[PDB]
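Residue numbers (the working numbering), protein chains in the order written: chain A, 123 to 271; chain B, 3 to 152; chain C, 9 to 108; chain D, 689 to 937; chain E, 242 to 251; chain F, 506 to 904; chain G, 5 to 53.
A quick write-up on the structure given underneath.
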Amino acid sequence: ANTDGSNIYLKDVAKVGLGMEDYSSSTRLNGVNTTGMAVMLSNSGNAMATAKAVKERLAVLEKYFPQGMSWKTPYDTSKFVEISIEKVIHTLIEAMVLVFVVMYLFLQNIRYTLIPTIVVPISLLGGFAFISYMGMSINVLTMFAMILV
Amino acid sequence: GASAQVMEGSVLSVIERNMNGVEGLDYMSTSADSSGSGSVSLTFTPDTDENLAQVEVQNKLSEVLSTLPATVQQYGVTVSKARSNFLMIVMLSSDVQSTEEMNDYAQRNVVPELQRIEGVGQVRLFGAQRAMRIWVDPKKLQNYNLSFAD
Amino acid sequence: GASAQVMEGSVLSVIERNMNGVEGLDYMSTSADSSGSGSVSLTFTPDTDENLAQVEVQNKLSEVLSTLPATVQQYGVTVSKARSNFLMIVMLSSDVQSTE
Amino acid sequence: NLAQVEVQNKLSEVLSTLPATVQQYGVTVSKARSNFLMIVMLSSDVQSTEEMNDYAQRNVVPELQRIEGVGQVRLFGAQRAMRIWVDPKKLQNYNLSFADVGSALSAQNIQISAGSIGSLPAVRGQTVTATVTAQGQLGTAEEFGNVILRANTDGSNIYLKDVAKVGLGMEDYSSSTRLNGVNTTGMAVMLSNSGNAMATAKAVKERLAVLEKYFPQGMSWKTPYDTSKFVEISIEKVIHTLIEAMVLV
Amino acid sequence: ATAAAXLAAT
Amino acid sequence: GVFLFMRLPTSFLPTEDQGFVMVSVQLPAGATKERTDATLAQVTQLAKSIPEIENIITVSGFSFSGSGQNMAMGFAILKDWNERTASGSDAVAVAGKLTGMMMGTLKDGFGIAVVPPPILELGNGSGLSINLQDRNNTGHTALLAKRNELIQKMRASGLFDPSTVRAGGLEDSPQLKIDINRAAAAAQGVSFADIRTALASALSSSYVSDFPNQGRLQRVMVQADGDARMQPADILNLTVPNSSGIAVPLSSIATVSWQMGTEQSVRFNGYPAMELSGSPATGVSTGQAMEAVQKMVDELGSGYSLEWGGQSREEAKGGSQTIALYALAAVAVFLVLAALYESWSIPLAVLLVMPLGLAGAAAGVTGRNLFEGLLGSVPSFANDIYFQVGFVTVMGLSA
Amino acid sequence: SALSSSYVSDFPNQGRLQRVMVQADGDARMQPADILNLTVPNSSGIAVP
């Protein structure tokens with residue numbers, strides 16, 4: 123501030139604007155600049171329901187997006203668990219069919235092919251209950267163990 | 003604005019010499035580079051609770067904060083566990099507005115929405131948020147006999 | 009030196025929305041007064057140990073405290089786990105000295 | 689652990705009200721026993737006790753205190769420091785004061801962070817980037833002795849070697865140790881709550897044997913006071929008595 | 242740091 | 506059967522096809538970010554010639570090796586397995602294709618495409634990770650020379666597949682060290698606080714205060730204009746204020762010259778360390794390689810130590826636990842059988858069947874490896890975890 | 005200042021920052037007659053016993 127007035131402002135020696143903090147990194151998806159977000163699953167949380175919920179919420183929010191914007195989910199780790207579960211069920215059914223065929227071929231009656239079918243799934247359910255008691259979870263290794271057993 | 007040598011010798015060594023005696027510590031490391039950022043990683047032997055380890059590490063760090071440079075204190079020092087359960091990745095593409103505008107929109111409109119979903123443990127946004135940037139021209143300062151501290 | 013809305017959206021909102029996902033959480037609440045004061049109430053479901061909950065809450069709060077305002081950081085955020093209903097009330101009486 | 693968490697929470701609310709010096713030095717919290725588990729000496733013949741104290745602080749103490757079961761290690765000494773001894777009778781012939789010395793020391797031993805040439809939010813056409821470094825800091829006794837306290841117009845500056853004596857020394861001349869009459873370097877190891885004695889002593893001795901390889905040329909180690917030998921001998925004698933009793937029966 | 246990658250993909 | 510089993514390659518888990526491949530880019534030291542962006546754009550345009558890829562995500566200025574303007578990385582996401590169920594549509598085939606195409610196109614810098622392991626914590630092929638420390642603070646040049654001497658002693662006269670013994674850091678690059686003249690700054694009214702003020706204000710950023718931006722607080726930062734921090738002749742021309750406000754060219758105070766400095770610094774367990782990597786050549790146990798490395802390190806002076814890092818850590822502690830556990834299991838099985846049959850003789854008759862299953866499994870694995878390799882492929886099966894689980898299962902059934 | 009030390013700054017001593025401390029000479033803080041001659045200054049600078 124001068125004695126006679128005519129002060130010096132901050133715009134006489136500088137240029138003020140709005141920007142970022144760092145300017146270091148720069149992301150792009152297929153050539154168009156983007157912004158990425160990572161979602162982490164909480165301990166003791168289903169990994170499929172959470173992905174479905176996230177997708178539905180994003181679809182709902184998409185309505186208010188500014189013109190030009192869009193969203194995508196290039197990666198998702200909740201498909202491997204679903205694939206493993208499907209494989210486990212497929213193998214269980216195939217094993218039941220094979221056991222039925224072998225038992226009928228050798229024993230030659232339909233009253234024999236029901237006992238194994240009744241008794242196998244109960245054992246599998248008991249194993250499920252025990253693993254739940256110990257505080258374990260459902261993942262690919264557990265499914266492979268079930269397939270082996 | 004700190005080289006690797008300055009950063010190490012002035013921050014990382016000071017922080018590391020005090021993290022001895024934490025119950026269950028296996029080994030520790032230190033890394034610094036010219037980008038102006040560094041970290042200290044402590045690995046613990048199995049059978050040790052991670053929450054207790056984090057709290058004790060924070061408490062240990064609280065006793066040396068007064069000996070670090072002023073800038074480091076202004077910015078702050080974080081403490082987090084390296085564990086993570088990655089679930090998925092979200093991308094917003096515009097092609098019409100700059101990346102900082104998208105970052106602001108995501109941080110102010112989208113990130114809080116996904117944090118309230120059932121099963122979500124944490125969401126991380128990659129990128130720096132906005133700030134008021136001032137670009138000084140030294141020629142003008144020399145013409146008026148001023149300085150950056152002014 | 010803050011209103012009931014600046015503190016709600018610059019201090020309490022961050023802590024609240026960042027405290028989701030703590031194991032055993034039931035519901036939350038916040039309150040902000042015009043006198044630059046506020047609180048966040050965090051109610052857990054029974055069958056959870058209070059000590060583990062407090063440790064987790066402290067970890068979550070500490071790993072987010074590096075963004076809050078400078079004066080709040082200089083003052084500090086207090087954590088308390090105590091009841092709100094009274095048990096007794098002890099009164100002190102006298103006729104030779106004032107209440108101060 | 690929970691008790692320590694509560695204690696830390698209660699302490700963090702009062703650090704801002706303690707004197708400046710107390711905050712500068714810091715407040716420490718510990719949970720360990722108050723009786724020494726053992727004492728390890730570092731006698732040598734070509735280094736003084738200050739050198740061996742510095743070496744023990746730098747290389748030995750950190751190794752011993754991340755062993756399983758060790759609660760605290762106490763060094764009867766102190767690490768090195770740059771000691772300045774001012775003569776008040778010379779601050780008068782020049783009209784100086786202690787505050788001048790302190791300010792001069794604090795305004796000439798500061799660290800500089802320059803930056804980088806060709807920084808990130810740069811103009812188009814840039815092809816190189818270089819880091820910039822300046823030392824601007826003192827590390828030897830002569831450099832400290834050549835600090836300036838008063839410029840003056842005549843050009844005859846007043847240094848720090850003119851009104852003081854500067855050299856390396858201990859930061860705290862409080863405690864000392866001797867073994868059979870000769871000076872040595874010792875550090876007491878104290879156990880921790882819920883820690884074993886025999887296992888801790890065995891680990892300490894094994895780690896010391898490992899470290900012995902990198903010692904300088906002339907120093908050795910020994911542990912003349914150890915409280916696990918009695919436990920070992922007691923157990924051995926009890927087992928021998930057990931065997932004798934079985935044979936007699 | 243840890244720019245776009247999670248644990249780990251983008 | 507036992508001989509066939511004892512000659513099987515070892516590992517932890519087989520590399521999977523997760524649906525994405527990883528890419529890394531490096532440029533010559535001291536490069537800007539515009540060149541990195543141009544190389545990344547070239548890579549992105551090159552990634553479109555592979556129909557097996559769907560989305561390419563590129564991140565500039567950051568890499569797992571380090572952080573700098575000359576480092577970048579990207580992730581390529583492939584179509585679902587059903588759409589790419591062919592011969593050369595695997596993940597490893599795509600990685601090889603991409604690396605080969607990068608080799609002949611990228612004119613500035615080099616890129617490498619790899620397929621990450623299933624679990625980062627447990628990954629085969631990590632090799633030997635070593636960390637030399639100096640216990641008496643000799644310096645950086647001395648430790649680098651010792652590391653080079655160790656690599657030479659380990660590579661030529663060694664057994665580590667000399668093609669893999671290499672350092673694991675970042676080579677130095679030129680810098681702009683400044684030597685200030687305190688004597689010269691004292692010959693005039695040039696203090697030492699203004700020097701630091703000018704040096705740290707000219708070309709470095711500053712964090713001043715905060716301001717409320719439409720609801721939430723944000724920082725306020727002050728930096729010099731971009732036109733004043735681009736050339737080396739923008740520093741020495743910083744005249745410093747004198748006692749009477751005069752300016753000193755700063756050329757009479759400081760001398761500016763190029764040198765070579767370290768762009769990264771590392772520390773392990775409180776001592777300066779430099780990382781190194783290696784791998785035993787062939788037909789050599791990791792134990793002998795580790796012993797040779799330890800003896801070689803001992804050959805160096807007293808003050809340079811070695812310390813394993815990563816997956817080498819769990820191998821340093823002897824793996825003499827599986828043998829004990831299996832012996833205990835066999836003893837328990839024998840005791841149970843002896844109780845069941847009421848004899849000390851029949852249980853051994855039952856236990857004599859383990860070698861049959863062991864030999865069957867080993868022969869099957871070896872034959873499948875031979876058949877696969879007989880058509881150009883690489884041996885994919887080894888003595889990993891799944892082998893052990895399957896062997897235990899077959900043992901149980903036969904028993 | 006007449007009888008106690010002061011911690012001022014830090015200096016690099018072979019890979020570590022170590023304290024810098026200032027204290028009076030040994031013989032200037034030995035007898036009780038070194039406190040009876042402090043002679044603190046005044047506003048105009050003239051010392052007052």
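All C-beta atoms in this analysis are idealised placements derived from N, C-alpha and C, irrespective of residue type, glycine included.
Considering Cα atoms alone, identify which of B:79, B:123 and B:59 is closest to residue 68 of chain B.
Of the listed residues, the one whose Cα sits closest to residue 68 of chain B is B:79.
Considering only C-alpha positions, which residue in the set C:70, C:90, C:27 and C:53 is nearest to residue 82 of chain B?
C:70
Contact between the stretch 652–659 of chain F and the stretch 747–760 of chain F (3+ Cβ pairs under 8 Å)
no
Let me know the secondary structure DSSP gives residue 586 of chain F once reduced to three states.
helix
Using a Cβ-Cβ cut-off of 8 Å (strictly less than) and excluding sequence neighbours within five positions of residue 687 of chain F, which residues of its own chain qualify?
697
Are there 16 or more other CB atoms within 10 angstroms of the CB of residue 51 of chain C, so buried, or fewer, so exposed?
exposed
Might you give, ordered along the chain, the residues of its own chain that have their beta carbon closer than 8 Å to the beta carbon of residue 861 of chain D, omitting 5 neighbours on each side?
766
Can you round the beta-carbon distance between residue 684 of chain F and residue 760 of chain F to whole angstroms, since I take them to be within the 8 Å contact cut?
About 5 Å; that satisfies the 8 Å criterion.
Output, in sequence order along the chain, the residues in the stretch 807–831 of chain D whose CB is closer than 9 Å to any CB in chain F.
807, 808, 809, 810, 811, 812, 813, 814, 815, 816, 817, 818, 819, 820, 821, 822, 823, 824 and 831
Does the beta carbon of residue 580 of chain F sit closer than 7 Å to a beta carbon anywhere in chain E?
yes
List the endpoints of the continuous alpha helix (DSSP H) containing residue 760 of chain F.
That residue, residue 760 of chain F, is in no alpha helix (DSSP H); its beta strand (DSSP E) goes 759–761.
For a test of the three-state rule: what should DSSP assign to residue 837 of chain D, helix, strand or coil?
strand
Is residue 186 of chain A helix, strand or coil when you go by DSSP?
The three-state reading of DSSP puts residue 186 of chain A in helix, counting H, G and I together.
Look at residue 779 of chain F and residue 637 of chain F and say whether their C-beta atoms are less than 7 Å apart.
Between residue 779 of chain F and residue 637 of chain F, the gap from beta carbon to beta carbon is short of 7 Å.
Would you mind listing the alpha helix (DSSP H) stretches within the stretch 630–670 of chain F that are 4+ residues and don't spill past its ends, in chain order?
645–660
Answer with yes or no whether the minimum CB distance from residue 200 of chain A to chain C is below 7 Å.
no
Starting from residue 773 of chain F and walking both ways along the alpha helix (DSSP H), at which residues does that stretch end?
Careful: residue 773 of chain F lies outside any alpha helix (DSSP H), inside the beta strand (DSSP E) at 769–773.
Below-7 Å beta-carbon distance, residue 652 of chain F vs any chain D residue
no
Please tell me whether residue 250 of chain E and residue 569 of chain F are closer than 7 Å, where the distance is taken between their beta carbons.
no
Using DSSP's beta-bridge definition, name the partner residues of residue 159 of chain A.
B:92 and B:127
Which residues DSSP lists as bridging residue 765 of chain F, in chain order:
F:679
Proximal residues, the stretch 855–869 of chain D versus chain G, C-beta separation under 7 Å
859
Does the beta-carbon distance from residue 910 of chain F to residue 514 of chain F come in below 7 Å?
An answer regarding residue 910 of chain F cannot be provided, because it is not within the stretch 506 to 904 covered by chain F.
Could you tell me whether any Cβ in chain F is nearer than 7 Å to the Cβ of residue 196 of chain A?
Cβ-Cβ to chain F under 7 Å: yes for residue 196 of chain A.
Under the rule that 16 or more other beta-carbon atoms within 10 Å means buried, what is residue 907 of chain D, buried or exposed?
buried
To the nearest angstrom, how far is it from the Cα of residue 40 of chain B to the Cα of residue 72 of chain B?
16 Å
Tell me the start and end of each unbroken beta strand (DSSP E) in the stretch 529–595 of chain F that is at least 3 residues and wholly inside, in chain order.
Taken in chain order, the unbroken stretches of beta strand (DSSP E) that lie wholly in the stretch 529–595 of chain F and span 3 residues or more are 558–565 and 576–583.
Residue 114 of chain B (DSSP reduced to helix, strand or coil):
In the structure shown, the three-state DSSP call for residue 114 of chain B is helix.
Does the beta carbon of residue 59 of chain C come closer than 7 Å to any beta carbon on chain D?
yes
Looking at chain B, which residues of the stretch 771–784 of chain F have a Cβ within less than 8 Å of any of its Cβ atoms?
771, 772, 773, 774 and 775
Suppose contacts are defined by Cβ-Cβ distances below 7 Å. Is residue 162 of chain A in contact with residue 121 of chain B by that definition?
Not in contact: residue 162 of chain A and residue 121 of chain B (Cβ atoms no closer than 7 Å).
Assuming residue 564 of chain F contacts residue 245 of chain E (C-beta within less than 8 Å), just tell me the rounded distance between them.
Contact between residue 564 of chain F and residue 245 of chain E holds: their C-beta atoms lie close to 5 Å from each other, under 8 Å.
Can you have a look at residue 709 of chain F and say buried or exposed, based on whether 16 or more other CB atoms are within 10 angstroms of its CB?
buried
Top-ranked residue by Cα proximity to residue 26 of chain B, from B:54, B:32 and B:139
B:54
Paired residues, beta bridge with residue 780 of chain F - DSSP
F:636
Exposure of residue 53 of chain G, with buried meaning 16 or more beta-carbon neighbours within 10 Å:
exposed
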